[PDB]
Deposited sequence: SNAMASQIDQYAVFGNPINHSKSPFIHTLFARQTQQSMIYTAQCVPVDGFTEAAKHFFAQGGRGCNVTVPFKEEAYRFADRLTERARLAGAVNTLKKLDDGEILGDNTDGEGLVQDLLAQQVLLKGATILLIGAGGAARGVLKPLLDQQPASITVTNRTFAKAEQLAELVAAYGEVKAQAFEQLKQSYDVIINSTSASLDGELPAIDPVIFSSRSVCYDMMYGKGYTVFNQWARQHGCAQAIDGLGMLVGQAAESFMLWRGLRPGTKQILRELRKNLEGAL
């Protein structure tokens, strides 16, 4: 029985073991995925111990992703560009590979929802770690452009500079936004942003990284201002997990049927 885990949890409820346990059931994998505690002396020590005792891979949550990035011996392209690792994998030679599946999970959820990314104009709200992590995977989908926005312009400019060689990436402060976008992605945590609701057009699609019962505060706002479709982040959670699982096991699980169950649980497990 191969051992996998999640380290960290920035919230008080745990879904990763549920998700991965079901992926393992679907694909008949002899593995166990548990939630492991970061001890009081830190993540690095926890990771060292985990891999020394036979661990094969683990997910890492905020705020430990940068530490996981430093811990890894090797990094995937998307991890190196993200500056953060959410997935560690012990290779055959004992080296620890660091990956970041957050952006690809977002992309796959958007695609599962039949959102057209190729040639699309994308507005990315926020310029923090969550935003940084999803840029390269989105750019790989060949959008016409991505506009990074933040309350203060500088932070958005800095992020656009990092990824400038990969496609058309613009920076604009919240206050400057004055046109509509095909796809709007909210990467910011709950506080609404001082943005002109003109960003939402008749055919715009809104994606919130946050999730919960009913509609999120941001998606409620988007909907009230004429959004064509408001999607929450539950699918991104399952999508990122599926990418991690594929990295570890080389098998693609069934994301939709797990997303459906998570949604049933959010609405009451009735």
- Task: Report the unmodelled segments of the deposited sequence as residue ranges counted from 1.
- Result: 1 to 7, 199 to 202
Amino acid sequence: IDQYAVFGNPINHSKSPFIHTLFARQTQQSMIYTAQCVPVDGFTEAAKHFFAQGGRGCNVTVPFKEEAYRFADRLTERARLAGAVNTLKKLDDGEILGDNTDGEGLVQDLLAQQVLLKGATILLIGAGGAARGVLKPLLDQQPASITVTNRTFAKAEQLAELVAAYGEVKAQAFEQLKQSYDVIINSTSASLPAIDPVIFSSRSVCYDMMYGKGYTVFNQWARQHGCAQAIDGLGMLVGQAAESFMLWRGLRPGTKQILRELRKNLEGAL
From here on, numbers count along this sequence of modelled residues.
- Out of 24 to 32 and 211 to 219, which stretch has the higher average CA B-factor listed in the record? 211 to 219
- Averaging the C-alpha B factors as listed in the entry, name the stretch that ends up higher: 52 to 60 or 228 to 236. 228 to 236
- Task: Can you pull the Cα B-factors for 179, 158, 87, 108 from the entry and say which is highest?
- Result: 179
- Query: Split the chain's modelled residues into thirds by Cα B-factor; is residue 249 in the lowest, middle or highest one?
  - Reply: lowest
- Record-listed C-alpha B factor of residue 262: chain third: middle
- Message: Looking at the temperature factor on the CA atom of residue 170, which third of the chain's modelled residues does it land in?
- Response: middle
- Message: Sorting by Cα B-factor within the chain, modelled residues only, which third would residue 77 end up in: lowest, middle or highest?
- Response: lowest
- Note on the structure: Split the chain's modelled residues into thirds by Cα B-factor; residue 99 lands in the lowest
